[PDB]
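# Understanding the architecture of this molecule
Here is what each chain is made of, one letter per residue.
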Amino acid sequence: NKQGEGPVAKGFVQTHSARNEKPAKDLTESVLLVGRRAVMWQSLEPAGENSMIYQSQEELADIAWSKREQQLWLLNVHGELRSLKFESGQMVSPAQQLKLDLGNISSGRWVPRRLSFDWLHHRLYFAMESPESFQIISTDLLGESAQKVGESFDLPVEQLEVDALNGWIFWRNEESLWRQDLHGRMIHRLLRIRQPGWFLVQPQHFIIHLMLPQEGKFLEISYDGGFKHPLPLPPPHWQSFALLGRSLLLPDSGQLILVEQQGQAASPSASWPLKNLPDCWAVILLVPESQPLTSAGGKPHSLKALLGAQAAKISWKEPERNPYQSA
Ligand SMILES: *[C@@H]1O[C@H](CO)[C@@H](O)[C@H](O)[C@H]1NC(C)=O
């Protein structure tokens, strides 16, 4: 306060352990880089395959990727949804058209553009476009159990993602990024930047990592939205990205740049050819850490035990939710 200083509150805390660094000789991850017309699967070995997964002549509006089923749903610019299941980077099943009911919620016409996947409830989230407003509305994989969350807004979201484990849906406009839960109870706006680009969500890190192609610098956005932090970036404007540990994937139009966010982009650690792709609006990493079922923190407390002659009623408290987690 103005007059003085209060007492000192002490706390003991340990941060998490260092992630193991895989070199250029021993990189074994797999990626899907997704274009508007050319969707391609690549393996990050020194001897890696540069193979086509799927080619669509129509422009694809948004994608959604599942880990447990390996399915890339496809939504075009018209609004007809094609469900396409793959297996390990190639065709096992073709595209199936999935029809969606409007119901009594969608009173007027609305067309789809957006795709996102919850892996805990197996529940799809899409926002709509009105031919006069942009309104988020949730349904099942089959599609009949449709009900809407939130309120319509005029600003177009360009990218929708799900952090299922912490219970959040992020929609990001050209005006702001927003944070909202799965049941429609609480709605929060995070940060105000004119035209942000692509964001990637890590659920264990609790950090939204975002690249502006207009600014061309790092930006860190937290889940409450009040924390903003830059880092030094290698210079080239990449439309999307993926993060693999301490290494950063930056796709050029002919190669891929492997940097550890301090070395230059002119000398990558390893390069993989991307010559069939025109541009990279969506870089998707195939790790099991991209969709964890593990919340990665747990210790019970307040153990109460009420006993008897030959029995006991024993009650404990669940570990509490964090503010970066949801209800
Ligand atoms: C940090 O160290 C103290 C002192 O040894 C210990 O009691 C505490 O458990 C540590 N904190 C964590 C979160 O491990």
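Residues numbered from 1 in each chain as written, not as in the entry; some residues may be left out. Part of a larger assembly, values for the part shown. Heavy atoms only, no water. Residues with missing side-chain atoms left out of burial classes, pairs and counts.

Looking up the chain in the PDB entry gives the name Protein sevenless, with the organism given as Drosophila melanogaster. The title assigned to this entry in its PDB record is "Cryo-EM structure of Sevenless extracellular domain (dimer, pH 6.6)".

Read across the open sheet, the four strands follow the order β16-β17-β18-β19; overall the sheet is antiparallel. Only two strands of the sheet have a single neighbouring strand rather than two, namely β16 (199-202) and β19 (228-229). Two strands pair when backbone bridges link them, and strand β18 (residues 218-222) and β19 are joined in this way by two bridges, in the antiparallel orientation. Across the sheet, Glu-220 pairs through a bridge with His-229, a residue of β19. (Pairing = 2+ DSSP bridges. Helix = DSSP H or I, 4+ residues; strand = E, 2+ residues; numbered from the N terminus.)

If you look at the biggest cluster of nonpolar residues, it comprises 28 residues, and the most contacted ones within it are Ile-63, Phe-241 and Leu-248. Of all the elements in the fold, those that place two or more residues in this core are β1 (30-34), β2 (38-43), β4 (60-65), β5 (71-76), β6 (81-87), β21 (247-251), β22 (256-259) and β23 (282-286). The residues contacting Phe-241, other than those within four sequence positions of it, are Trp-198, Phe-199, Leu-200, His-209, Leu-210, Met-211, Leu-248, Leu-249 and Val-283. Formed by 23 residues, the second largest nonpolar core is a distinct cluster that contains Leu-81, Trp-119, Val-162 and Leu-165. (Core = buried A, V, L, I, M, F, W, Y, C linked by side-chain atoms within 4.5 Å. Buried < 20%, exposed > 50% of the residue type's maximum accessible area, 1.4 Å probe, protein only. Contact = heavy atoms within 4.5 Å.)

A full pass over the atoms with the stated rule returns eight aromatic pairs. Residues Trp-171 and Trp-178 carry aromatic rings whose centres are separated by 6.0 Å and whose planes lie at 15 degrees to one another, so their mutual orientation is stacked. Overall, the relative accessible area of 5% leaves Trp-171 in the buried class. Their ring planes at 75 degrees and their centres at 6.3 Å tell us that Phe-206 and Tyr-223 sit as a pair that is edge-to-face. Remark: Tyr-223 occurs in the loop between β18 and β19 and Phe-206 occurs in the loop between β16 and β17 (207-211); sequence separation between them is 17 residues. Through a chain of ring-to-ring contacts, three or more aromatic side chains come together here, namely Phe-170, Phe-199, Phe-206, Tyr-223 and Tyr-324. Across from the ring centre of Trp-168, 4.2 Å away, lies the NZ or CZ of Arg-179, which sits over that ring. (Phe/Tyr/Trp six-rings, centres within 6.5 Å; stacked < 30°, edge-to-face > 60°. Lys NZ or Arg CZ within 6 Å of the ring centre and 35° of its normal.)

Here we take up the site of the ligand. Around the ligand, the neighbouring residues are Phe-12, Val-13 and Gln-14. A total of 370 Å² of accessible area belongs to the ligand in isolation, and the protein chains cover 33% of it. (Near = heavy atom within 4 Å. Areas by Shrake-Rupley, 256 points an atom, 1.4 Å probe, with all protein chains shown as cover.)

Phi is positive for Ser-88, which is not a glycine, with a value near 60 degrees. Here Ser-88 is to be found in the loop between β6 and β7 (90-98). Even without a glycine there, the phi angle at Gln-261 is positive, about 65 degrees. The residue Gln-261 is located in the loop between β22 and β23 in this model. For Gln-261, a relative accessible area of 14% puts it in the buried group.

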